[PDB]
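Q: Structure below; questions to follow.
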Amino acid sequence: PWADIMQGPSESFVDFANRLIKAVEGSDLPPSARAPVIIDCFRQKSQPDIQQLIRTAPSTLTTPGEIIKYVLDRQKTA
Amino acid sequence: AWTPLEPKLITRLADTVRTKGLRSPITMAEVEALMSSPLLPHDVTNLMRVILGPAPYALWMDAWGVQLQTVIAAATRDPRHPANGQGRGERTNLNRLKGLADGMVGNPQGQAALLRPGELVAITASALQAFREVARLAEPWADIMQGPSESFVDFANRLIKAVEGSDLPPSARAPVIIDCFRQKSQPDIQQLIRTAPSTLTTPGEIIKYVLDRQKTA
Amino acid sequence: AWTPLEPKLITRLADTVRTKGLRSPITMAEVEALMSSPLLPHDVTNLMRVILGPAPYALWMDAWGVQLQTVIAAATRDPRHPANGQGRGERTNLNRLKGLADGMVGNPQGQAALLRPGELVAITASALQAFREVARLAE
Amino acid sequence: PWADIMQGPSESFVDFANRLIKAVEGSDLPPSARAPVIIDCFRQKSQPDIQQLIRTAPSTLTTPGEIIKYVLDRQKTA
Amino acid sequence: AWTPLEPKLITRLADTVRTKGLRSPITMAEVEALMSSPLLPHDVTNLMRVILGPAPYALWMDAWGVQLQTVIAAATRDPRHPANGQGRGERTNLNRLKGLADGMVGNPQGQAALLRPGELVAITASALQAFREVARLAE
Amino acid sequence: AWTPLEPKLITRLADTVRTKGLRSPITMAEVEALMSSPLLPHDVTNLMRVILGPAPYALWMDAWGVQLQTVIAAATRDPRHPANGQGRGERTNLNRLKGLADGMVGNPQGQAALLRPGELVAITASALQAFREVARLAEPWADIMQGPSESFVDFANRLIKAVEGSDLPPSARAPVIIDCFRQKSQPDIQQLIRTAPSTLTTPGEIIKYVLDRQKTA
Amino acid sequence: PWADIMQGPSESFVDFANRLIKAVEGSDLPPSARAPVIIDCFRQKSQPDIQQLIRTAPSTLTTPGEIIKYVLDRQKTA
Amino acid sequence: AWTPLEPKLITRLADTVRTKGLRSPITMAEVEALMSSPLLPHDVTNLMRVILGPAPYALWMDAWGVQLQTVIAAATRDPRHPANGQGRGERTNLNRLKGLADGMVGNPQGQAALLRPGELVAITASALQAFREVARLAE
Amino acid sequence: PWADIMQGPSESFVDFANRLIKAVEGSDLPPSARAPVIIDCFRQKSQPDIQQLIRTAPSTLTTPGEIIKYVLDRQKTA
Amino acid sequence: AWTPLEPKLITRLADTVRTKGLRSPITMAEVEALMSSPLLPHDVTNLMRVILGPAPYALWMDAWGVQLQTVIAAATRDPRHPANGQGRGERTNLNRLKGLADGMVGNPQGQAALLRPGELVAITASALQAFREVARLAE
């Protein structure tokens, strides 16, 4: 179930994005509703450090690929 | 023929002034509403007597006199005033503007008879400006900070209120509001505005940008 | 001839916006109610000045300008706009929509004189959409 | 009674002026004696901060409205 | 007539990408090998769906769209594109490049029918450049 | 005939820019001094090459181009520009302003030959404005308070410096300086300004009044 | 000696002014130098409460009588 | 023809004002030295802009205006002012003294063209007296 | 050597730009290869705060002067 | 011819002011008594010097100057002042009222020579009003 996917405390972001995109594209949603759902799940899941990282984006991110690129650039190396 | 204003509207306006105050935008809108048709000096005088307290009424009489004197100076500086006439016999004295001239003292019917429509609109605009002055006088922007727990829209509302209701010229409010958004508005929003890939040149644009990219918490 | 909106209705609408907020369906219904007859730029501008706070009013001015610009782009994309005319001399500039054109600045009577009914309804729809945007943005 | 009106330690000046003008105009004085009485009551009542503010007026104030305007301009914001 | 790529070659390429990674010169050589004949949007899309993981596939869709948009800008900047024609009725829209146009959605046979060879080679070069970008970005 | 600027003056100006910086009033005065006679594009270009570092020189080239483009827009908006002529054959292109036109590239003598005096003064004013922009860019007023032990002239100097060297429009500096004198400038001077029997409508008048009636300590 | 006159900690201001004007007028100064000396002695003597009271005078006091009147008006009743 | 003052002398005078202050007799002597030839309003204005800080410069502008107003009152009190002429068409307005008149704003060459030597010496004496006042006031 | 120039942790950006432009223009590169090299060195050197500041530029910067102006405008005052 | 006031009456008045004060009705009656005949500026000045202390004397000089200035304003507002004359050559300056004019400084005989009776009564009334002001102010 896509709506139950959370980014674990120790999980990296690319694994979380892979799992989420997999569960969203392999589901019962229409094809035209996958990108907005993936974006809004990146924003509300993806534990509050990345949540604030996406929130304070000086540019407007309108695609899952752009969000992934931005987060991978500005992520807290740890 | 003179028709008085409804005491119901006047009572509602008086209670509006009593609860909201003199300076609220709703109060100024209501005054503009009851200032729609050109009023005779009797009407405006009684209106301000009823809606204003004693001390604001004294202040308003002073300010109205000063504004009418400026109007009469402009009138003697231009013989084409809609209150004036072409010959010298139609020059309008302050006794005719304040309703003190002959055949007008205490009588609204005679007032409405002898007065010109240009006279009426000039008196009305003068009274409105005097009301604005007294309202600004009866009740500091550079001391406004965004509190640690305060949201940004409340801070923006408070700051824009204090800047527009102050002694600055009209052409100096937007730059001051912008530069106060940048230097107040605690360092998280300060850095959010600083790192703006676009150049924000308006308080509305800054507010929109900050509301978009703000840290949801 | 221009007739102003009742300050009683405006006061009631302002208190509605004050208690219920900008986004409640009752508030949007009340705005639609007071947005029934085509309003002149003066009317809508003063209405938003009274019912909205300072910061929402700035946001609303921005959004209204953007929506009016989209309308003017559609107007230059179609010479059959109810605001436009057939010849090029009736093309509607943003100074005429925002009430900034000659013979209109600060004067609602002259405004009502020179404006078209299509102009009025376009301005009104633009203002309503801008109000919706700002309400969705404020909260 | 107008001659018993004092500006309270915590009262603002516009409230004091309203109360005083009310009590003076709604009294048994002749109409031609209200303005001088209101002025001289502004000067002797209206606790010593405003008393000194009115005393050190570089201009001569000859009307209750002018005194009110001057005091509202130069009052100690607090 | 459309002929699919061998699932054996695709499986070998997928395991190559799995062990060597996206950026190794051997992997890019293998991709160039399987990118030899001009592929239809269906072929490249399924190929990237199989060889790439979910997140690299999203990145690749983004990059492919951007590169195709640059191609279409160059095409509207030159009416002599091998994908374009001489008249205005042969101008190539992004729905025709991404395989979204009418008569192409989900059908590779119709795709191969309506597409031009210049269209195919442009799509292929765009996909290769997008793969290079995503490979440089992922690691 | 073209005469070069003295390398002694240029060396002194370069050392002035090196020690005082780009924004000091003495530096701007020195630049105005060496910007007295109308200079050819060659002169101003070499001058900025010598006195400015590499990055400020790049910024200055950008700003000079932008200002010259604004000048050329005003020139195509008015055929009576002192750089233009009456016919269309005297219209001035940016290649002629930047010294890139034919017969001018690298040759100051030919430059001085073909250029107009209006062209020279326009180029010079453009270069001065560009220098001002870059100086303001290379290196907060609403955070300035008068310290408990600081004198008033130091506070006024600091405040006027920070307000005039900021992003405010020129017509908004005096009201901001006044309203910052009134709200900053710790409550003794605040009350001293508040209880002013006269109305002070200029920073100089406020400074004079406060210096007269200040508490000697 | 006029230049040795100080206002005592407990002395009133009218006594100090009387003593100072007496010692200045009954001295060897020219007649045209008594008023400036009396003023500048009011400003520098007359212990720091009255010193600050004279310093913060919104009007310019240019006569010993005017200074005396101002100080008597705004003095700290004690 | 207008010749500017040396920036070397101005820099030395500025450092003198910076170390010795505004009121030292050496500073007043140096100012009298640089106040020897009759200066145009442009020269004195820029000189005070450079040597004085912001707040002393504001004070000096005020004092200079007041002294020039006293000069203009004396000028309207005597038609034989070396700045005035015999007829009424040569009466000198404060816009001509402060350099604000037509053909003078920002242009020192035109300034030097239209100004009289009596005008120059009156402006110079006024500026010197204003400097003395501000120096006595600052410390 | 231009390719060894890094912006120090405590160094300002104008000093780094001066040093880099000096070393690039005083080197063996052709004249037509200096601007692209200076730009690409601004992007890859100039420690990751300014790197991300240049990366997230809503406009396309195609000149060292424009990059310098943008960075000087939006730099983190510290 | 000038005749001085008796030092016996002046001593009695000084002791009255010393015991009863400045504001007692008996003191004001005594002052009115010694203010019966029109006095020359010399007489009133010496009288106030003797009966008043130093600080009340300074206050009285101030108040007397202010009242005389009001009198001179009324005099320039009416050419029919008993101190004035019909032509402009008889206009009365404050130097003539305060006894500072030419031929009067320190000499009471010349004072009595050049002064008018209207001048004397105006000076006397001014001095009486100033005494009243100072008496109301001192206590």
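Residues in the structure tokens are named by chain (A, B, ... in the order shown) and by number from 1 within that chain; ligands are numbered from 1 in the order shown.
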Write out as a ChimeraX atom specification each polymer residue whose atoms come within 10 Å of stretch 20-37 of chain J, counting only C-alpha atoms; drop sequence neighbours fewer than 4 positions from it.
A: /J:5,9-10,12-16,44,47,51-52,56,120-121,124-125,127-128,131-139
Q: Pull N, CA and C atoms from the residues just selected and write them as a compact mmCIF listing (two decimals), in the first residue's frame.
A:
```txt
# COMPACT_ATOMS: atom_id res chain seq x y z
N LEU J 5 11.75 110.79 44.36
CA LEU J 5 10.87 110.32 45.41
C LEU J 5 11.61 110.33 46.74
N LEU J 9 9.76 107.47 52.15
CA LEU J 9 8.67 106.68 51.58
C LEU J 9 9.19 105.40 50.96
N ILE J 10 10.34 105.47 50.28
CA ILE J 10 10.90 104.28 49.65
C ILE J 10 11.35 103.28 50.69
N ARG J 12 10.04 102.97 53.73
CA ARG J 12 8.82 102.40 54.31
C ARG J 12 8.20 101.37 53.37
N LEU J 13 8.20 101.66 52.07
CA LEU J 13 7.66 100.71 51.10
C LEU J 13 8.52 99.46 51.02
N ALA J 14 9.84 99.61 51.11
CA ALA J 14 10.71 98.45 51.09
C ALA J 14 10.48 97.57 52.31
N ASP J 15 10.29 98.17 53.48
CA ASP J 15 10.02 97.36 54.66
C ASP J 15 8.64 96.72 54.58
N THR J 16 7.67 97.41 53.97
CA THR J 16 6.36 96.81 53.74
C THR J 16 6.48 95.57 52.86
N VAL J 44 11.25 104.58 38.18
CA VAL J 44 10.69 103.25 38.35
C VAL J 44 11.81 102.22 38.44
N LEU J 47 13.37 102.47 41.83
CA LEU J 47 12.40 102.03 42.83
C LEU J 47 12.36 100.51 42.90
N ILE J 51 13.27 98.20 46.18
CA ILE J 51 12.25 97.47 46.94
C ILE J 51 12.29 95.97 46.66
N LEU J 52 12.75 95.55 45.49
CA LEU J 52 12.78 94.15 45.11
C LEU J 52 14.17 93.56 45.31
N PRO J 56 13.69 88.70 42.01
CA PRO J 56 12.47 89.40 41.58
C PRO J 56 12.76 90.59 40.70
N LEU J 120 5.13 108.80 29.65
CA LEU J 120 5.31 108.54 31.07
C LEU J 120 4.19 107.66 31.61
N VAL J 121 2.94 107.96 31.25
CA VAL J 121 1.84 107.17 31.78
C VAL J 121 1.85 105.76 31.21
N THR J 124 4.48 103.89 33.08
CA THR J 124 4.03 103.63 34.44
C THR J 124 3.03 102.47 34.49
N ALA J 125 2.05 102.47 33.59
CA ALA J 125 1.09 101.37 33.55
C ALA J 125 1.77 100.05 33.22
N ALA J 127 4.88 99.24 33.92
CA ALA J 127 5.62 98.81 35.10
C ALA J 127 4.69 98.24 36.16
N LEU J 128 3.50 98.82 36.31
CA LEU J 128 2.55 98.30 37.29
C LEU J 128 2.08 96.90 36.91
N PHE J 131 4.86 94.48 37.60
CA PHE J 131 4.95 94.19 39.03
C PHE J 131 3.88 93.19 39.44
N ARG J 132 2.67 93.35 38.92
CA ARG J 132 1.61 92.40 39.24
C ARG J 132 1.96 90.99 38.77
N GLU J 133 2.48 90.88 37.55
CA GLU J 133 2.87 89.57 37.02
C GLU J 133 3.94 88.93 37.90
N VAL J 134 4.99 89.68 38.23
CA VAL J 134 6.08 89.12 39.01
C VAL J 134 5.61 88.74 40.41
N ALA J 135 4.74 89.55 41.00
CA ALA J 135 4.21 89.22 42.32
C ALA J 135 3.39 87.94 42.28
N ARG J 136 2.58 87.77 41.23
CA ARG J 136 1.82 86.54 41.09
C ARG J 136 2.72 85.35 40.81
N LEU J 137 3.92 85.59 40.28
CA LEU J 137 4.81 84.50 39.90
C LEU J 137 5.74 84.06 41.03
N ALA J 138 6.22 85.03 41.81
CA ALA J 138 7.20 84.78 42.89
C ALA J 138 6.61 83.86 43.95
N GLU J 139 5.36 84.10 44.35
CA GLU J 139 4.71 83.22 45.35
C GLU J 139 3.41 82.67 44.75
```
Q: State the Cα RMSD (Å, one decimal) obtained when chain F is least-squares superposed onto chain B, all Cα atoms paired in order.
A: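 Here the C-alpha RMSD works out to 0.8 Å.
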Q: Based on the backbone DSSP call, show me all residues of stretch 41-210 of chain B assigned helix (DSSP H, G or I), as a ChimeraX atom specification.
A: /B:41-51,54-76,88-90,94-97,108-114,117-138,141-143,152-164,170-183,187-194,203-210
Q: Can you pull out the residues contacting residue B:23? Cut-off 10 Å, using only C-alpha atoms, and skip same-chain residues under 4 positions away; I want them as a list in words.
A: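 Contacts, with the query itself left out: residues 17, 27, 28, 131, 132, 133, 134, 135, 136, 137, 138, 139 and 165 of chain B.
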Q: May I have the residues of chain A within 8 Å of chain I, counting only C-alpha atoms, written as a PDB file with C-alpha atoms, in the first residue's frame?
A:
```
ATOM      1  CA  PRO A  58      13.722  28.567  -3.349  1.00  0.00           C
ATOM      2  CA  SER A  59      12.558  27.047  -6.642  1.00  0.00           C
ATOM      3  CA  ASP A  73      22.224  17.746  -3.952  1.00  0.00           C
ATOM      4  CA  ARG A  74      21.406  19.405  -0.625  1.00  0.00           C
TER       5      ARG A  74
END
```
Q: Any chance you could dump chain E, least-squares fitted to chain C on all C-alpha atoms in order, as an mmCIF file with C-alpha atoms, in the first residue's frame?
A:
```cif
data_model
loop_
_atom_site.group_PDB
_atom_site.id
_atom_site.type_symbol
_atom_site.label_atom_id
_atom_site.label_comp_id
_atom_site.auth_asym_id
_atom_site.auth_seq_id
_atom_site.Cartn_x
_atom_site.Cartn_y
_atom_site.Cartn_z
ATOM 1 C CA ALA E 1 -24.890 55.907 -12.886
ATOM 2 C CA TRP E 2 -22.726 54.391 -10.158
ATOM 3 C CA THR E 3 -24.321 53.192 -6.924
ATOM 4 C CA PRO E 4 -22.076 52.116 -4.033
ATOM 5 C CA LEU E 5 -22.493 48.881 -2.142
ATOM 6 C CA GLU E 6 -24.135 49.157 1.264
ATOM 7 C CA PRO E 7 -21.641 49.630 4.109
ATOM 8 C CA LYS E 8 -23.959 47.430 6.182
ATOM 9 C CA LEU E 9 -23.481 44.471 3.834
ATOM 10 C CA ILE E 10 -19.761 45.249 3.667
ATOM 11 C CA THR E 11 -19.515 45.349 7.465
ATOM 12 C CA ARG E 12 -21.360 42.037 7.754
ATOM 13 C CA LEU E 13 -19.089 40.481 5.123
ATOM 14 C CA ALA E 14 -16.001 41.834 6.883
ATOM 15 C CA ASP E 15 -17.107 40.306 10.176
ATOM 16 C CA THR E 16 -17.854 37.040 8.367
ATOM 17 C CA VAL E 17 -14.309 37.016 6.983
ATOM 18 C CA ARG E 18 -13.037 37.900 10.457
ATOM 19 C CA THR E 19 -14.764 35.023 12.275
ATOM 20 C CA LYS E 20 -15.037 32.249 9.666
ATOM 21 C CA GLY E 21 -11.844 32.993 7.737
ATOM 22 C CA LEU E 22 -11.107 33.334 4.052
ATOM 23 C CA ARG E 23 -11.612 29.732 2.956
ATOM 24 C CA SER E 24 -14.898 28.678 4.550
ATOM 25 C CA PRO E 25 -17.638 27.782 2.044
ATOM 26 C CA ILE E 26 -19.981 30.245 3.741
ATOM 27 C CA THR E 27 -17.440 33.026 3.176
ATOM 28 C CA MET E 28 -17.034 32.128 -0.494
ATOM 29 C CA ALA E 29 -20.822 32.036 -0.834
ATOM 30 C CA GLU E 30 -21.097 35.494 0.730
ATOM 31 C CA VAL E 31 -18.401 36.809 -1.613
ATOM 32 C CA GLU E 32 -20.233 35.305 -4.590
ATOM 33 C CA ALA E 33 -23.352 37.062 -3.292
ATOM 34 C CA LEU E 34 -21.659 40.462 -3.106
ATOM 35 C CA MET E 35 -20.037 39.611 -6.469
ATOM 36 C CA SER E 36 -23.399 39.257 -8.238
ATOM 37 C CA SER E 37 -23.706 42.506 -10.165
ATOM 38 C CA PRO E 38 -20.710 43.493 -12.327
ATOM 39 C CA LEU E 39 -18.583 45.788 -10.182
ATOM 40 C CA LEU E 40 -16.334 48.614 -11.286
ATOM 41 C CA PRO E 41 -12.614 48.408 -10.436
ATOM 42 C CA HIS E 42 -13.246 51.037 -7.767
ATOM 43 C CA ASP E 43 -15.881 48.871 -6.074
ATOM 44 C CA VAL E 44 -13.852 45.656 -6.005
ATOM 45 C CA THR E 45 -10.702 47.499 -4.950
ATOM 46 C CA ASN E 46 -12.397 49.208 -2.006
ATOM 47 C CA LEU E 47 -14.222 45.990 -1.089
ATOM 48 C CA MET E 48 -10.982 44.030 -0.862
ATOM 49 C CA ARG E 49 -9.373 46.945 0.972
ATOM 50 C CA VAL E 50 -12.073 46.752 3.641
ATOM 51 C CA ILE E 51 -12.656 43.013 4.051
ATOM 52 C CA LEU E 52 -9.022 41.863 3.749
ATOM 53 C CA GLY E 53 -6.116 42.656 6.016
ATOM 54 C CA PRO E 54 -2.999 44.400 4.720
ATOM 55 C CA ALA E 55 -0.950 41.337 3.756
ATOM 56 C CA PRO E 56 -3.859 39.424 2.159
ATOM 57 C CA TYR E 57 -4.687 42.649 0.328
ATOM 58 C CA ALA E 58 -1.168 42.833 -1.112
ATOM 59 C CA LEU E 59 -1.381 39.180 -2.150
ATOM 60 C CA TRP E 60 -4.777 39.837 -3.719
ATOM 61 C CA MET E 61 -3.513 42.824 -5.689
ATOM 62 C CA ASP E 62 -0.722 40.638 -7.070
ATOM 63 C CA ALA E 63 -3.060 37.778 -7.984
ATOM 64 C CA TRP E 64 -5.632 40.126 -9.531
ATOM 65 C CA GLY E 65 -2.950 41.677 -11.709
ATOM 66 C CA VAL E 66 -1.749 38.261 -12.870
ATOM 67 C CA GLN E 67 -5.264 37.080 -13.713
ATOM 68 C CA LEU E 68 -6.037 40.319 -15.560
ATOM 69 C CA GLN E 69 -2.824 39.850 -17.543
ATOM 70 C CA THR E 70 -3.933 36.354 -18.531
ATOM 71 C CA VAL E 71 -7.264 37.863 -19.589
ATOM 72 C CA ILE E 72 -5.510 40.488 -21.711
ATOM 73 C CA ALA E 73 -3.366 37.793 -23.342
ATOM 74 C CA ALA E 74 -6.520 35.871 -24.236
ATOM 75 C CA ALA E 75 -7.973 39.163 -25.504
ATOM 76 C CA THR E 76 -5.049 39.826 -27.832
ATOM 77 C CA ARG E 77 -5.422 36.166 -28.858
ATOM 78 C CA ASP E 78 -9.071 36.717 -29.881
ATOM 79 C CA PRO E 79 -10.454 39.987 -31.303
ATOM 80 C CA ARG E 80 -13.987 38.859 -30.352
ATOM 81 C CA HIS E 81 -13.624 39.453 -26.620
ATOM 82 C CA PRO E 82 -16.747 41.002 -25.038
ATOM 83 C CA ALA E 83 -14.339 43.608 -23.654
ATOM 84 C CA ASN E 84 -12.711 44.227 -27.065
ATOM 85 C CA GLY E 85 -14.218 45.728 -30.192
ATOM 86 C CA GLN E 86 -13.949 44.887 -33.869
ATOM 87 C CA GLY E 87 -11.465 47.574 -34.845
ATOM 88 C CA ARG E 88 -8.070 48.039 -33.264
ATOM 89 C CA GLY E 89 -9.186 51.263 -31.535
ATOM 90 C CA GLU E 90 -11.295 49.332 -29.018
ATOM 91 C CA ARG E 91 -8.482 47.095 -27.775
ATOM 92 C CA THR E 92 -8.548 47.068 -23.977
ATOM 93 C CA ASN E 93 -5.360 47.954 -22.124
ATOM 94 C CA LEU E 94 -4.588 46.960 -18.546
ATOM 95 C CA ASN E 95 -4.817 50.624 -17.554
ATOM 96 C CA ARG E 96 -8.492 50.445 -18.530
ATOM 97 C CA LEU E 97 -9.043 47.172 -16.661
ATOM 98 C CA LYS E 98 -7.298 48.167 -13.418
ATOM 99 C CA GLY E 99 -9.006 51.566 -13.582
ATOM 100 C CA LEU E 100 -5.736 53.378 -14.298
ATOM 101 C CA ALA E 101 -6.666 54.742 -17.736
ATOM 102 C CA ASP E 102 -7.362 58.390 -18.484
ATOM 103 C CA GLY E 103 -10.579 59.788 -17.027
ATOM 104 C CA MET E 104 -10.888 56.928 -14.527
ATOM 105 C CA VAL E 105 -8.198 57.354 -11.844
ATOM 106 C CA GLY E 106 -10.063 57.904 -8.579
ATOM 107 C CA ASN E 107 -13.379 58.764 -10.253
ATOM 108 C CA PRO E 108 -16.004 55.981 -10.137
ATOM 109 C CA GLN E 109 -18.544 57.967 -12.175
ATOM 110 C CA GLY E 110 -16.227 58.384 -15.147
ATOM 111 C CA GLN E 111 -15.195 54.762 -14.643
ATOM 112 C CA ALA E 112 -18.799 53.589 -15.006
ATOM 113 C CA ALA E 113 -19.122 55.887 -18.025
ATOM 114 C CA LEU E 114 -16.274 54.565 -20.172
ATOM 115 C CA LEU E 115 -16.264 50.888 -19.146
ATOM 116 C CA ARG E 116 -17.981 48.125 -21.136
ATOM 117 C CA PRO E 117 -20.219 45.459 -19.556
ATOM 118 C CA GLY E 118 -17.877 42.785 -20.890
ATOM 119 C CA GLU E 119 -15.028 44.687 -19.263
ATOM 120 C CA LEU E 120 -16.947 44.700 -15.985
ATOM 121 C CA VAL E 121 -17.727 40.982 -16.009
ATOM 122 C CA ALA E 122 -14.141 40.108 -16.959
ATOM 123 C CA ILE E 123 -12.775 42.271 -14.133
ATOM 124 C CA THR E 124 -15.258 40.662 -11.744
ATOM 125 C CA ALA E 125 -14.395 37.079 -12.707
ATOM 126 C CA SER E 126 -10.690 37.918 -12.486
ATOM 127 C CA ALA E 127 -11.149 39.359 -8.996
ATOM 128 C CA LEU E 128 -13.102 36.290 -7.882
ATOM 129 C CA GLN E 129 -10.405 33.912 -9.120
ATOM 130 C CA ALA E 130 -7.736 36.039 -7.433
ATOM 131 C CA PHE E 131 -9.675 35.930 -4.170
ATOM 132 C CA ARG E 132 -9.851 32.145 -4.451
ATOM 133 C CA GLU E 133 -6.094 31.916 -5.025
ATOM 134 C CA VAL E 134 -5.252 34.168 -2.078
ATOM 135 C CA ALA E 135 -7.672 32.325 0.197
ATOM 136 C CA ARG E 136 -6.083 29.000 -0.745
ATOM 137 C CA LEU E 137 -2.658 30.546 -0.125
ATOM 138 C CA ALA E 138 -3.201 32.403 3.187
ATOM 139 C CA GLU E 139 -4.213 29.224 5.087
#
```
Q: Extract, using only C-alpha atoms, all DNA, RNA and protein residues at most 12 Å from residue B:151, discarding same-chain residues fewer than 3 positions from it, and format them as a PyMOL selection string.
A: (chain B and resi 145-148+154-158+185-186+189+207+210-211+214-217) or (chain C and resi 138-139)
Q: Could you write out that same residue set with C-alpha atoms as an mmCIF file, in the first residue's frame?
A:
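So out.cif came out as:
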```cif
data_model
loop_
_atom_site.group_PDB
_atom_site.id
_atom_site.type_symbol
_atom_site.label_atom_id
_atom_site.label_comp_id
_atom_site.auth_asym_id
_atom_site.auth_seq_id
_atom_site.Cartn_x
_atom_site.Cartn_y
_atom_site.Cartn_z
ATOM 1 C CA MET B 145 10.020 42.263 15.278
ATOM 2 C CA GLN B 146 8.660 38.857 14.335
ATOM 3 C CA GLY B 147 8.264 36.952 17.588
ATOM 4 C CA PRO B 148 9.869 33.537 18.011
ATOM 5 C CA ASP B 154 0.535 37.979 11.411
ATOM 6 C CA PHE B 155 3.921 39.706 11.401
ATOM 7 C CA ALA B 156 3.328 41.010 7.878
ATOM 8 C CA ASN B 157 -0.140 42.266 8.833
ATOM 9 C CA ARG B 158 1.173 44.073 11.905
ATOM 10 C CA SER B 185 11.515 38.440 10.417
ATOM 11 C CA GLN B 186 13.832 36.171 12.446
ATOM 12 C CA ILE B 189 12.993 33.822 7.084
ATOM 13 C CA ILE B 207 4.900 37.425 1.052
ATOM 14 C CA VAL B 210 7.854 33.172 1.853
ATOM 15 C CA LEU B 211 4.445 31.515 2.129
ATOM 16 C CA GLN B 214 8.239 28.430 4.491
ATOM 17 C CA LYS B 215 9.224 25.714 6.963
ATOM 18 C CA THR B 216 5.934 23.975 7.848
ATOM 19 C CA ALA B 217 5.856 23.747 11.641
ATOM 20 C CA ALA C 138 -3.200 32.402 3.187
ATOM 21 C CA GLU C 139 -4.214 29.224 5.087
#
```
Q: Looking at only C-alpha atoms, which of F:197, F:99, F:175, F:56 is the one that sits closest to chain D?
A: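 Closest residue, counting only C-alpha atoms: F:197.
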Q: Starting from chain F, keep only residues with some atom at most 7 Å from an atom of chain I, counting only C-alpha atoms, and report them as a PyMOL selection string.
A: chain F and resi 53-55+58-59+62
Q: Fewer than 3 positions away in the same chain doesn't count, so skip those; otherwise give me all residues within 12 Å of residue F:42, counting only C-alpha atoms, as a VMD selection string.
A: chain F and resid 2 to 5 38 to 39 45 to 49 96 to 100 104 to 112 115 120 123 to 124 127
Q: Need to verify the contact set: residue G:37, 12 Å, only C-alpha atoms, exclusion of same-chain residues closer than 6 positions in sequence. Can you return it as a ChimeraX atom specification?
A: /G:2-3,20-21,23-25,27,29-31,43-45,62-64
Q: Quick one: distance from atom CA of residue B:1 to atom CA of residue B:89 in Å, one decimal?
A: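 Computing it gives 24.8 Å between the two atoms.
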Q: Report the distance between atom CA of residue G:60 and atom CA of residue G:38 in Å, rounded to one decimal place.
A: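 Taking atom CA of residue G:60 and atom CA of residue G:38, their separation equals 15.4 Å.
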Q: Report as a PDB file with N, CA and C atoms, in the first residue's frame all protein, DNA and RNA residues lying within 8 Å of residue I:75, evaluated on only C-alpha atoms, omitting residues in the same chain fewer than 3 positions from it.
A:
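Okay, around.pdb is ready:
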```
ATOM      1  N   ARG B 194      16.926  36.044   1.657  1.00  0.00           N
ATOM      2  CA  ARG B 194      18.243  36.343   1.108  1.00  0.00           C
ATOM      3  C   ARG B 194      18.565  35.437  -0.071  1.00  0.00           C
ATOM      4  N   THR B 195      18.354  34.136   0.091  1.00  0.00           N
ATOM      5  CA  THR B 195      18.638  33.162  -0.959  1.00  0.00           C
ATOM      6  C   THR B 195      17.465  33.015  -1.918  1.00  0.00           C
TER       7      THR B 195
ATOM      8  N   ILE I  50      28.107  28.216  -1.795  1.00  0.00           N
ATOM      9  CA  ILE I  50      28.039  29.001  -3.018  1.00  0.00           C
ATOM     10  C   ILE I  50      27.797  28.101  -4.221  1.00  0.00           C
ATOM     11  N   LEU I  53      24.235  27.812  -4.244  1.00  0.00           N
ATOM     12  CA  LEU I  53      23.674  29.114  -4.583  1.00  0.00           C
ATOM     13  C   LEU I  53      23.714  29.363  -6.084  1.00  0.00           C
ATOM     14  N   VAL I  71      26.015  36.192  -7.029  1.00  0.00           N
ATOM     15  CA  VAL I  71      26.484  35.655  -5.757  1.00  0.00           C
ATOM     16  C   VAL I  71      26.622  36.765  -4.730  1.00  0.00           C
ATOM     17  N   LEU I  72      27.096  37.938  -5.150  1.00  0.00           N
ATOM     18  CA  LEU I  72      27.228  39.044  -4.208  1.00  0.00           C
ATOM     19  C   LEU I  72      25.869  39.520  -3.719  1.00  0.00           C
TER      20      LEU I  72
END
```
Q: Record the distance separating atom CA of residue F:102 and atom CA of residue F:50, expressed in Å with one decimal.
A: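 Separating atom CA of residue F:102 from atom CA of residue F:50 is a distance of 25.4 Å.
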